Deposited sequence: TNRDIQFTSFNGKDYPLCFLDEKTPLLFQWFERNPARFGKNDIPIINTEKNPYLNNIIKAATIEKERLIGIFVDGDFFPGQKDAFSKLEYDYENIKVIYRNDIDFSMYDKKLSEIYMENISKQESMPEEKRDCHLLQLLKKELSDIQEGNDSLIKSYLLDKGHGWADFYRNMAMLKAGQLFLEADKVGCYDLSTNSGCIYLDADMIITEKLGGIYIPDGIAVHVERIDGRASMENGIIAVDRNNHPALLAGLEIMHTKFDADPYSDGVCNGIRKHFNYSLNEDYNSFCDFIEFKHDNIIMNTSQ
């Protein structure tokens, strides 16, 4: 509304920006084994203990005035893409966005460039503090680089773990509201380009309402027995190319084998706020996404 509000971390004040009740939601489904689903089924796991499509449909049915993205990748059968088109037709606020249809080149770097800056960073490293093996592996990987394969973004399309989904999610979230604009799925703003990423296990039990996040970014924090950690389930951004995620992308461009979750999000947010030596815990209550309307499918 009319007046900007502030919060303090480490004695510095920071602007709270306001994600209105129209801010889009983004879910993600990157599927290794489309063959597990019926040939004309929605290819998202939907079982009583894992009701992920139901969670997404619930969010869409609760937040009628929000766009609901499903950012998808994997070799889907053509009748599963047909199922996805039917979902968009059934629920007019659900918008399916294929990774394949989005250009991520503006966030790319040559593997050769990352490898060689790391070599130079080590080889020039004052003493033998050098990781002998990292130096050795870097020089060999620099050698086995195919012509149209010198891409940090293409490399994550061959990632064998969580890195395939988490790297692309970070870049989807660098695009934020502009993701819907890029996919021609808007029915938005040149300013109001915020977005809230939610993991498909999160359940909106009722209407989110307006949300205040600090300096335009907030993350899932989990607490177990009084210890807090930042988590990848919830990322809320004030706009596209939010500086914290660019900080995270900068680490992904410099640190060889950087983790897209702990470097691409956590470390990036950390650098943006210049944290480090203070309490992780006090930082975690600061950066935490406040909702109270998003439980997981493991609660009573």
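Residues 1, 189-190, 280 of the deposited sequence, counted from 1, carry no C-alpha coordinates in the model.
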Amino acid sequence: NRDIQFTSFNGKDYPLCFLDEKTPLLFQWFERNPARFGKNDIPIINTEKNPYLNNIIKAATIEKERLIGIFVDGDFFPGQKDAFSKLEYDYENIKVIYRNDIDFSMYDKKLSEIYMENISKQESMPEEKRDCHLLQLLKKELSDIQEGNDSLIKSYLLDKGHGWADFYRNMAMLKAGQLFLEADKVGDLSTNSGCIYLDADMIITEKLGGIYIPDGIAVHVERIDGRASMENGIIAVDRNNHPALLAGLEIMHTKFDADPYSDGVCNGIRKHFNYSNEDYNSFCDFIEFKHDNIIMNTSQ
From here on, numbers count along this sequence of modelled residues.
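Stretches 166-174 and 142-150 differ in mean CA B factor, with 142-150 having the higher one. Per-stretch averaging of Cα B factors for 287-295 and 15-23 places 287-295 on top. When the C-alpha B-factors of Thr47, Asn274, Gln28, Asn55 are read from the PDB record, the largest value belongs to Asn274. Within the group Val219, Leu134, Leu181, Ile211, the record's highest C-alpha temperature factor is found at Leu134. Sort the modelled residues of the chain by CA B factor and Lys95 lands in the lowest third.
For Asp199, the recorded CA B-factor ranks within the lowest third of the chain. Only modelled residues enter the ranking. In this PDB entry, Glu123 carries a Cα temperature factor that places it within the highest third of its chain's modelled residues.
Ranked against the other modelled residues of its chain, the C-alpha B-factor of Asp225 as given in the entry falls in the highest third.
When the CA B factors of the chain's modelled residues are split into thirds, the value for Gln80 lands in the middle one.
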